[PDB]
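One structure is given below, encoded as structure tokens.
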Amino acid sequence: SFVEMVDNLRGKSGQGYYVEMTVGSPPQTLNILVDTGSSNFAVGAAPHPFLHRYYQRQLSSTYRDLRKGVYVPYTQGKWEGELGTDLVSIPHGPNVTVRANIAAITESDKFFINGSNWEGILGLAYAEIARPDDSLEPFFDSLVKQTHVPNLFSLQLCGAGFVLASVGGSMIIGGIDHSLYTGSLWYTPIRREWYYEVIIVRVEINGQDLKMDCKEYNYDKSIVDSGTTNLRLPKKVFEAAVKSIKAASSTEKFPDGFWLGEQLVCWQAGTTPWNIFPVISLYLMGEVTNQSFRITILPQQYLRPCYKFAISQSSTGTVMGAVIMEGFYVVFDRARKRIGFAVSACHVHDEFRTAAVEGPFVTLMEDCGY
Ligand SMILES: CC(=O)c1ccc(Oc2ccc(-c3ccc(-c4ccccc4Cl)n3CC(=O)NC(=N)N)cc2)cc1
């Protein structure tokens with residue numbers, strides 16, 4: 001039942017949403033980051049200063065070694081581990097147990113986050129981007145193959161709303177919970193099964209079209225990513241967007257470090273002038289040619305709580321992170337190669353504006369992919 005899965009996500013603002021999982025026999029409880037922008041199930045398996053708990057393979061009767069290492073360097077650090085399999089469950093998820101691949105992290109730097117309360121990562125994206133290669137079956141693929149769970153999951157990320165603020169939400173595995181959204185679910189095609197790749201066809205700031213070639217919005221790629229805090233935009237788009245937001249919020253201005261997402265800006269106890277900041281609409285490619293729909297977010301989404309500007313520049317394409325997802329109920333319909341969006345039952349809004357999902361809008365689109 002989906003009711004058992006409601007509110008199964010927790011986290012600290014800007015530090016990642018996690019779900020409780022167990023690994024091994026007897027079950028070892030760990031908190032695991034939900035990441036739709038990666039494809040490995042990887043868990044701390046050795047002491048680390050930021051780890052209060054870790055996976056202990058020697059304690060599991062059902063652990064099997066694959067005699068294979070994995071090494072993942074990136075700009076700023078790395079994680080390194082040993083591959084194996086073991087029994088895995090999600091206590092507040094489906095009532096099943098799966099033998100899944102596990103990367104046992106033995107060494108790392110700048111991977112784990114101080115105070116985040118998670119000990120591992122659940123990469124929910126596709127095999128193409130799994131490390132060390134695509135032969136390492138991702139967790140969700142194993143789950144679908146070994147059980148009768150439908151090939152679909154959904155995410156309701158709720159944020160904070162009124163120490164780092166606590167965030168919460170729900171991961172519904174194997175279906176759609178109608179109580180978690182209002183109005184209609186609109187679907188955009190998954191362009192290619194690697195990341196959850198999508199196509200943005202139009203973007204406006206307070207109803208004003210940025211008027212760019214739509215290739216620019218997907219310059220390199222556009223993805224839906226629970227593992228990213230910000231709405232990340234390609235250089236040309238970012239600059240165009242901040243110019244427009246600055247103009248709309250001209251009545252009293254802010255320092256440059258704010259717009260660079262580096263330094264905070266404060267008011268006091270419910271005095272925040274939300275109505276000065278514009279709404280942002282992303283138009284996504286629809287299921288039918290010449291047809292699109294829009295998702296509209298509020299400053300409450302893109303000003304992360306004192307606030308930091310949660311829109312930042314990207315060199316790797318558009319990343320629709322928590323900023324975008326927190327307005328909406330997001331369906332990752334893997335079976336039908338599409339991503340659904342609907343207004344979330346939990347999204348933060350005021351008495352003048354709301355997050356919105358609206359369509360259809362006609363856009364004449366196939367060549368917006370880069
Ligand atoms: C607020 C919000 O929602 C939030 C905030 C902080 C978060 O913390 C982290 C922690 C570790 C990683 C990481 C290191 C190495 C990798 C990695 C890289 C290549 C292949 C496989 C992996 Cl595991 N990853 C995953 C990653 O790059 N994911 C993605 N870009 N979506 C990424 C993010 C997550 C979410």
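Here's how to read the names in the structure tokens: chain A, B, ... by the order shown, residue numbers from 1 in each chain, ligand numbers from 1 in the order shown.
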Exercise for the section: Name the residues, by chain letter and number, that sit within 9 Å of ligand 1 using only C-alpha atoms and all ligand atoms, and give them as a ChimeraX atom specification. Expected result: /A:11-18,33-42,72-74,77-79,110-113,116,120-123,129-132,195,224-230,319,321-323
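Backbone DSSP over range 196-264 of chain A yields alpha helix (DSSP H) at residues 235, 236, 237, 238, 239, 240, 241, 242, 243, 244, 245, 246, 247, 248, 256, 257, 258 and 259 of chain A.
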Save out the residues we just selected, C-alpha atoms, as a JSON list (two decimals), in the first residue's frame.
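What ended up in selection39.json:
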```json
[["chain", "number", "residue", "atom", "x", "y", "z"],
["A", 235, "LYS", "CA", 25.83, 30.01, -19.20],
["A", 236, "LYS", "CA", 23.80, 31.96, -21.79],
["A", 237, "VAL", "CA", 20.46, 31.03, -20.19],
["A", 238, "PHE", "CA", 21.65, 31.78, -16.63],
["A", 239, "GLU", "CA", 22.85, 35.28, -17.60],
["A", 240, "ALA", "CA", 19.59, 35.97, -19.44],
["A", 241, "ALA", "CA", 17.56, 34.72, -16.45],
["A", 242, "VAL", "CA", 19.39, 36.71, -13.74],
["A", 243, "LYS", "CA", 19.15, 39.92, -15.80],
["A", 244, "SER", "CA", 15.37, 39.45, -15.88],
["A", 245, "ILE", "CA", 15.05, 38.55, -12.18],
["A", 246, "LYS", "CA", 17.25, 41.55, -11.22],
["A", 247, "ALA", "CA", 14.97, 43.86, -13.24],
["A", 248, "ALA", "CA", 11.79, 42.47, -11.65],
["A", 256, "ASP", "CA", 26.56, 40.54, -6.38],
["A", 257, "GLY", "CA", 27.46, 37.59, -4.11],
["A", 258, "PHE", "CA", 23.74, 36.90, -3.66],
["A", 259, "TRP", "CA", 23.11, 36.53, -7.41]]
```
Exercise for the section: Pick out the residues sitting within 9 Å of residue 307 in chain A, and hand them over as a PyMOL selection string; count only C-alpha atoms, and ignore anything fewer than 2 positions along from it in its own chain. Expected result: chain A and resi 258+263-267+303-305+309-310
I need the residues from that last selection saved to file as a PDB file, in the first residue's frame (with N, CA, C and O atoms), if you can.
```pdb
ATOM      1  N   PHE A 258      25.063  37.514  -3.753  1.00  0.00           N
ATOM      2  CA  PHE A 258      23.738  36.899  -3.658  1.00  0.00           C
ATOM      3  C   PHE A 258      23.353  36.244  -4.985  1.00  0.00           C
ATOM      4  O   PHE A 258      23.005  35.063  -5.020  1.00  0.00           O
ATOM      5  N   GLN A 263      26.461  34.179  -1.167  1.00  0.00           N
ATOM      6  CA  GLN A 263      26.094  34.764   0.123  1.00  0.00           C
ATOM      7  C   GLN A 263      24.590  34.969   0.294  1.00  0.00           C
ATOM      8  O   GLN A 263      23.854  35.143  -0.681  1.00  0.00           O
ATOM      9  N   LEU A 264      24.157  34.945   1.552  1.00  0.00           N
ATOM     10  CA  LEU A 264      22.746  35.024   1.906  1.00  0.00           C
ATOM     11  C   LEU A 264      22.204  36.452   1.930  1.00  0.00           C
ATOM     12  O   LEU A 264      22.966  37.418   1.886  1.00  0.00           O
ATOM     13  N   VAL A 265      20.878  36.558   1.983  1.00  0.00           N
ATOM     14  CA  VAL A 265      20.166  37.829   2.119  1.00  0.00           C
ATOM     15  C   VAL A 265      19.040  37.615   3.130  1.00  0.00           C
ATOM     16  O   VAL A 265      18.293  36.638   3.033  1.00  0.00           O
ATOM     17  N   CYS A 266      18.930  38.519   4.104  1.00  0.00           N
ATOM     18  CA  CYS A 266      18.012  38.321   5.228  1.00  0.00           C
ATOM     19  C   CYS A 266      16.965  39.418   5.401  1.00  0.00           C
ATOM     20  O   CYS A 266      17.216  40.594   5.127  1.00  0.00           O
ATOM     21  N   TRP A 267      15.780  38.994   5.836  1.00  0.00           N
ATOM     22  CA  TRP A 267      14.776  39.867   6.435  1.00  0.00           C
ATOM     23  C   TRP A 267      14.456  39.245   7.799  1.00  0.00           C
ATOM     24  O   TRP A 267      15.177  38.344   8.242  1.00  0.00           O
ATOM     25  N   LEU A 303      14.413  30.584  -3.705  1.00  0.00           N
ATOM     26  CA  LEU A 303      15.116  31.205  -2.579  1.00  0.00           C
ATOM     27  C   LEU A 303      15.147  30.218  -1.413  1.00  0.00           C
ATOM     28  O   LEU A 303      14.155  30.058  -0.697  1.00  0.00           O
ATOM     29  N   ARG A 304      16.286  29.551  -1.237  1.00  0.00           N
ATOM     30  CA  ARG A 304      16.428  28.491  -0.241  1.00  0.00           C
ATOM     31  C   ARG A 304      16.767  29.066   1.141  1.00  0.00           C
ATOM     32  O   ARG A 304      17.717  29.839   1.269  1.00  0.00           O
ATOM     33  N   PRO A 305      15.988  28.693   2.178  1.00  0.00           N
ATOM     34  CA  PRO A 305      16.189  29.237   3.530  1.00  0.00           C
ATOM     35  C   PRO A 305      17.494  28.777   4.187  1.00  0.00           C
ATOM     36  O   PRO A 305      18.030  27.726   3.830  1.00  0.00           O
ATOM     37  N   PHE A 309      20.193  32.442  -3.097  1.00  0.00           N
ATOM     38  CA  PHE A 309      19.690  32.361  -4.464  1.00  0.00           C
ATOM     39  C   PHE A 309      20.037  30.981  -5.011  1.00  0.00           C
ATOM     40  O   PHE A 309      21.212  30.651  -5.198  1.00  0.00           O
ATOM     41  N   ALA A 310      19.007  30.169  -5.236  1.00  0.00           N
ATOM     42  CA  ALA A 310      19.190  28.763  -5.595  1.00  0.00           C
ATOM     43  C   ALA A 310      19.107  28.497  -7.105  1.00  0.00           C
ATOM     44  O   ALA A 310      18.726  27.403  -7.537  1.00  0.00           O
TER      45      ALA A 310
END
```
Fill in the blank from the handout: What separates CA of residue 185 in chain A and CA of residue 317 in chain A is a distance of 25.3 Å
Practice task
Would you mind listing what lies within 9 Å of residue 233 in chain A as a list in words, with only C-alpha atoms counted and same-chain residues fewer than 6 positions away left out?
Solution key: residues 217, 218, 222, 239, 241, 311, 312, 313, 314, 315, 316, 317, 318, 319 and 320 of chain A
I need the chosen residues saved as a tab-separated table (two decimals), in the first residue's frame, with N, CA, C and O atoms.
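Output contents, as saved in result18.tsv:
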```
chain	number	residue	atom	x	y	z
A	217	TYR	N	18.44	26.06	-24.29
A	217	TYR	CA	17.84	25.59	-23.03
A	217	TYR	C	18.30	24.17	-22.68
A	217	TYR	O	18.30	23.76	-21.51
A	218	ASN	N	18.68	23.42	-23.71
A	218	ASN	CA	19.12	22.04	-23.56
A	218	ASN	C	20.57	21.90	-24.00
A	218	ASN	O	21.00	20.81	-24.39
A	222	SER	N	19.35	18.47	-20.78
A	222	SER	CA	18.51	18.86	-19.65
A	222	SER	C	18.07	17.60	-18.91
A	222	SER	O	17.62	16.65	-19.53
A	239	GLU	N	22.66	33.83	-17.47
A	239	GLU	CA	22.85	35.28	-17.60
A	239	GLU	C	21.57	36.00	-18.01
A	239	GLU	O	21.23	37.03	-17.44
A	241	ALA	N	18.51	34.88	-17.55
A	241	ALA	CA	17.56	34.72	-16.45
A	241	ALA	C	17.80	35.67	-15.29
A	241	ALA	O	16.85	36.27	-14.77
A	311	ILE	N	19.46	29.51	-7.90
A	311	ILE	CA	19.66	29.35	-9.34
A	311	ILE	C	21.12	29.65	-9.65
A	311	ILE	O	21.64	30.71	-9.30
A	312	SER	N	21.79	28.71	-10.31
A	312	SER	CA	23.22	28.82	-10.57
A	312	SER	C	23.60	28.42	-11.99
A	312	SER	O	22.85	27.73	-12.69
A	313	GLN	N	24.78	28.86	-12.41
A	313	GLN	CA	25.29	28.60	-13.75
A	313	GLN	C	25.82	27.18	-13.88
A	313	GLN	O	26.40	26.62	-12.94
A	314	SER	N	25.62	26.60	-15.06
A	314	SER	CA	26.07	25.25	-15.36
A	314	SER	C	26.92	25.20	-16.63
A	314	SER	O	26.75	26.03	-17.53
A	315	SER	N	27.83	24.24	-16.68
A	315	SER	CA	28.64	23.98	-17.86
A	315	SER	C	28.27	22.62	-18.44
A	315	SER	O	28.80	22.21	-19.48
A	316	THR	N	27.35	21.93	-17.77
A	316	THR	CA	26.94	20.58	-18.16
A	316	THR	C	25.45	20.49	-18.51
A	316	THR	O	24.85	19.41	-18.44
A	317	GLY	N	24.87	21.63	-18.90
A	317	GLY	CA	23.47	21.69	-19.31
A	317	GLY	C	22.51	22.06	-18.19
A	317	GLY	O	22.93	22.40	-17.08
A	318	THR	N	21.21	22.00	-18.49
A	318	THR	CA	20.19	22.34	-17.49
A	318	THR	C	20.02	21.19	-16.50
A	318	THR	O	19.95	20.02	-16.89
A	319	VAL	N	19.99	21.53	-15.22
A	319	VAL	CA	19.69	20.56	-14.17
A	319	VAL	C	18.49	21.04	-13.37
A	319	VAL	O	18.57	22.03	-12.63
A	320	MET	N	17.36	20.35	-13.54
A	320	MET	CA	16.15	20.64	-12.78
A	320	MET	C	16.25	19.92	-11.44
A	320	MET	O	15.83	18.77	-11.31
```
Handout entry: Those in range 10-140 of chain A with strand (DSSP E or B) from DSSP, as a VMD selection string
Key = chain A and resid 10 to 12 16 to 23 28 to 35 41 to 44 64 to 74 77 to 89 98 to 109 120 to 123
Just to be explicit: take each residue in the selection above, keep C-alpha atoms, and write the result as a JSON list (two decimals), in the first residue's frame.
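So part-v3.json came out as:
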```
[["chain", "number", "residue", "atom", "x", "y", "z"],
["A", 10, "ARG", "CA", 13.92, 13.08, 5.33],
["A", 11, "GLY", "CA", 16.90, 15.43, 5.12],
["A", 12, "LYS", "CA", 18.52, 18.75, 5.93],
["A", 16, "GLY", "CA", 20.03, 15.73, 0.36],
["A", 17, "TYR", "CA", 16.80, 13.76, 0.75],
["A", 18, "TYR", "CA", 17.29, 10.25, 2.10],
["A", 19, "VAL", "CA", 15.24, 7.07, 2.58],
["A", 20, "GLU", "CA", 15.82, 4.38, 5.21],
["A", 21, "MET", "CA", 17.13, 1.10, 3.81],
["A", 22, "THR", "CA", 18.53, -2.14, 5.25],
["A", 23, "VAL", "CA", 21.46, -4.08, 3.80],
["A", 28, "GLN", "CA", 21.82, -3.24, 8.77],
["A", 29, "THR", "CA", 19.88, 0.04, 8.91],
["A", 30, "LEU", "CA", 21.31, 2.92, 6.84],
["A", 31, "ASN", "CA", 20.02, 6.25, 5.51],
["A", 32, "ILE", "CA", 20.41, 6.48, 1.73],
["A", 33, "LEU", "CA", 20.40, 9.56, -0.53],
["A", 34, "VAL", "CA", 17.76, 9.44, -3.29],
["A", 35, "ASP", "CA", 19.56, 10.46, -6.51],
["A", 41, "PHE", "CA", 23.86, 1.91, -5.11],
["A", 42, "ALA", "CA", 26.92, 2.93, -3.09],
["A", 43, "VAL", "CA", 27.29, 2.88, 0.69],
["A", 44, "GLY", "CA", 29.97, 3.85, 3.20],
["A", 64, "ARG", "CA", 28.77, -12.12, -1.90],
["A", 65, "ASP", "CA", 32.01, -10.57, -3.18],
["A", 66, "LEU", "CA", 32.29, -9.77, -6.89],
["A", 67, "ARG", "CA", 36.10, -9.42, -6.69],
["A", 68, "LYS", "CA", 35.97, -6.13, -8.59],
["A", 69, "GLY", "CA", 36.89, -2.57, -7.66],
["A", 70, "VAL", "CA", 35.25, 0.72, -8.61],
["A", 71, "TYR", "CA", 36.92, 4.14, -8.77],
["A", 72, "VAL", "CA", 34.97, 7.39, -9.24],
["A", 73, "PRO", "CA", 36.99, 10.64, -9.46],
["A", 74, "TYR", "CA", 35.28, 14.02, -10.03],
["A", 77, "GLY", "CA", 37.21, 14.62, -4.81],
["A", 78, "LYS", "CA", 36.47, 10.92, -5.31],
["A", 79, "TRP", "CA", 34.91, 7.77, -3.97],
["A", 80, "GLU", "CA", 36.47, 4.33, -4.24],
["A", 81, "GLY", "CA", 35.10, 0.92, -3.33],
["A", 82, "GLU", "CA", 34.70, -2.81, -3.76],
["A", 83, "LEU", "CA", 31.78, -4.37, -5.63],
["A", 84, "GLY", "CA", 29.50, -7.07, -4.26],
["A", 85, "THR", "CA", 25.91, -8.19, -3.82],
["A", 86, "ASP", "CA", 23.65, -8.54, -0.77],
["A", 87, "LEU", "CA", 20.01, -8.50, 0.29],
["A", 88, "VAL", "CA", 18.44, -5.04, 0.38],
["A", 89, "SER", "CA", 15.08, -3.76, 1.67],
["A", 98, "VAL", "CA", 16.10, -7.78, -3.53],
["A", 99, "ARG", "CA", 19.62, -9.03, -4.13],
["A", 100, "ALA", "CA", 21.28, -5.87, -5.45],
["A", 101, "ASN", "CA", 24.74, -4.73, -6.46],
["A", 102, "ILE", "CA", 26.49, -2.66, -3.79],
["A", 103, "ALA", "CA", 29.57, -0.48, -4.10],
["A", 104, "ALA", "CA", 31.27, -0.65, -0.70],
["A", 105, "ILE", "CA", 33.00, 2.71, -0.22],
["A", 106, "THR", "CA", 36.37, 2.13, 1.46],
["A", 107, "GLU", "CA", 37.99, 5.49, 0.60],
["A", 108, "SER", "CA", 36.65, 8.93, -0.37],
["A", 109, "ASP", "CA", 37.09, 12.70, -0.17],
["A", 120, "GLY", "CA", 25.06, 6.11, 1.08],
["A", 121, "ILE", "CA", 23.49, 6.89, -2.30],
["A", 122, "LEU", "CA", 20.67, 5.30, -4.27],
["A", 123, "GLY", "CA", 21.26, 6.07, -7.93]]
```
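Between residue 366 in chain A and the candidates A:168, A:1, A:198, A:279, the tightest atom-to-atom separation, counting only C-alpha atoms, involves A:198.
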Handout entry: Distance criterion (only C-alpha atoms): nearest to residue 336 in chain A out of A:188, A:249, A:208, A:182
Key = A:188
Practice task
May I ask for the distance between CA of residue 343 in chain A and CA of residue 213 in chain A, given in Å to one decimal place?
Solution key: 27.8 Å
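Note that CA of residue 262 in chain A and CA of residue 348 in chain A are 23.2 Å apart.
Every protein, DNA or RNA residue with an atom at most 8 Å from residue 92 in chain A, where only C-alpha atoms count and chain neighbours fewer than 2 positions away do not, is listed here: residues 4, 5, 8, 20, 90 and 94 of chain A.
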Export of prior selection with C-alpha atoms as a short mmCIF file (atom, residue, chain, number, x, y, z; two decimals), in the first residue's frame:
```cif
data_model
loop_
_atom_site.label_atom_id
_atom_site.label_comp_id
_atom_site.auth_asym_id
_atom_site.auth_seq_id
_atom_site.Cartn_x
_atom_site.Cartn_y
_atom_site.Cartn_z
CA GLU A 4 3.03 3.12 4.06
CA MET A 5 5.37 5.07 1.75
CA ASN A 8 9.39 8.11 3.94
CA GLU A 20 15.82 4.38 5.21
CA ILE A 90 13.21 -0.46 2.06
CA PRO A 94 7.40 -2.14 -0.99
#
```
